[PDB]
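Laid out below as structure tokens are two forms of one and the same protein chain, each shown alone and named structure 1 and structure 2.
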Structure 1
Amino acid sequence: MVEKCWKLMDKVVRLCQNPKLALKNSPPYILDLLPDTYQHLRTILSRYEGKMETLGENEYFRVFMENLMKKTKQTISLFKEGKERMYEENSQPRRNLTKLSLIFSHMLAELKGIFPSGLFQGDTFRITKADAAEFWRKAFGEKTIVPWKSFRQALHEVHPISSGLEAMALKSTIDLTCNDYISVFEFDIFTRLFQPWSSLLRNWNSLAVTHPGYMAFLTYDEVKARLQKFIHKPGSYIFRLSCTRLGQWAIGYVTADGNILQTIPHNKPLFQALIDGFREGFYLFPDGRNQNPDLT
């Protein structure tokens, strides 16, 4: 099973080595992520020598390998169908490859979070936000992974979701590995990004649903490329999930001096960074728009 995945991963790698892609060495970097995924899968198999029995029963790991196989096939398939439009920056097939790369990066983060040192620890996973942890313990016990419907319904009982369309927006924000399951790890990331728990969904609504600045599934280089058109418009800014520091925010903005910087706010909630940054002239024009949301 794992042997079949490696051969698929191998092909994506050969596919992504094509010079016409001009792929930058910059996270998420598919040429690193697949070998590193392999290496971490090698590590887990090493820690389960003999007891492959136990590993094979593990629910999370089964979901993970299945998604890994699905994702690599989808990638191979995407190159097949896209042919030379893969090399055209700004093409849809190319954008799909970027987003896959991000999904691979999220998958590896999660696998490392659940198997640190290669040994399964999903059942003693320490959720960061105390209120979030209480919700997950009470609804799912020591479960590592739950189906989406299941997650949706439990969450809805504490934080009502307004509508089907909103539920689907929420699912695509939280489901980083795009596998219709929520992991305790995916859960931890979401509740870190959108804390405080007490107003979770309002927070996510204000920062992501109705915010023109928010950029789902965008990478560092995409933020850089996107803000270039606003290079003469200091104060133009957008923000997104950091890919290398999953659970923290990355705000990109155009400075008065013509630089494009990206920063990770610490020691203050994203709300406060945005309010302060508006107040001080750094974060004025979300995606270059003249009107900035009022987050007060």
Structure 2
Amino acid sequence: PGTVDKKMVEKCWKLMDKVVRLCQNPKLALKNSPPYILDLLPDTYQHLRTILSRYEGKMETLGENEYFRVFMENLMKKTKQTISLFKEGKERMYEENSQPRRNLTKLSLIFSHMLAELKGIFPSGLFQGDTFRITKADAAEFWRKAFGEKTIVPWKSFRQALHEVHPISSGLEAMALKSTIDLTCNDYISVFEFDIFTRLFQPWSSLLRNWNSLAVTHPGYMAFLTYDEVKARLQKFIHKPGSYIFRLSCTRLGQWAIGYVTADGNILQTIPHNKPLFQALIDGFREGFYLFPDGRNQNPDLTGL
């Protein structure tokens, strides 16, 4: 992508304002629960003003940063795509569970991811990407060997390096993996997203193995969901104690959220603190808490520690 000037930033500002106006329509009924695009876009705008404020005068180094260019390009694409969603989705935008409506929700999730990534690589408006400290040491060593001190890398290169260390069986597996790790949906992989994924499916030594057993084949996996959606889904098993599902939170990237019904029965949530997910699932199953994945009678034996 081309070097970022203040002009293009102002253009993205205009597009974001347009999307905000399109979402401010009264007939849309905005659910305040995340992702809330009417809060996302302004926060992105304000953080962008912070980055520009700290890099005022020295705009030369800010416009040459590879991640900032990729981010601004992605923001351009996503905002423009949202405008197109409203444009070619006339009446259907004013419904429930509609195609452009669900697409708008998904794009909102993307905006949330991009805002989190932006605040992560630019904390307090100052760049902190070439100064990475990935939570998992093994994953950080892999990134250090493969891409060195680069903040972001193209998806193809990441797939190559990952396949060198962790073999990928099929292109389908690579696609599903891509849909899982590429949160900003820009065909790129940042150190931020890499940290999130490797924290999610720890340990590193059996990364793709955990991902196949926790995400791909485990019927309890629900990807990104809202607490209300978890409640509404587990509601069909409020009479079947032990039934559980786990999700990802757009407000808490890198951590799992296990929802389970009790013997009363109430629906409760548990967030493991730097535990491998399968460890918490095994422990919970042996204690009669996590018995039925998505209500299914058979729970996956994850005793492959």
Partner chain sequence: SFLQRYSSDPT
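Structure 1 provides the reference sequence; residues are numbered from 1 along it. Only residues modelled in both forms are compared. Note that the rigid core is defined as the largest set of C-alphas that superpose within 1.5 Å between two forms.
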### Message
These are two forms of one chain. I'd like to know which is the form solved without its partner chain.
### Response
2
### Message
Which residue of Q39, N259, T54, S46 is the mover here, meaning its C-alpha shifts by 2 Å or more between structure 1 and structure 2 once both are aligned on the rigid core?
### Response
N259
### Message
With a threshold of 2 Å on the C-alpha, tell me if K71 counts as moved between structure 1 and structure 2 once the core is superposed.
### Response
no
### Per-residue C-alpha change between structure 1 and structure 2, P212, threshold 2 Å, rigid core fit
yes
### Query
Honestly, after the rigid core fit, is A109 moving at least 2 Å at Cα between structure 1 and structure 2?
no
### Task
Let me know the CA shift of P286 between structure 1 and structure 2 in Å, rounded to one decimal, core fitted.
3.7
### Query
Core overlaid, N90 C-alpha shift between structure 1 and structure 2, how many Å?
1.2
### Task
Superpose on the rigid core and then read off how far the CA of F120 has moved between structure 1 and structure 2, in Å.
0.8
### Query
With the core fixed, which bits of the chain, 3+ residues long, show every Cα moving 2 Å or more between structure 1 and structure 2?
211-240, 250-270, 272-296
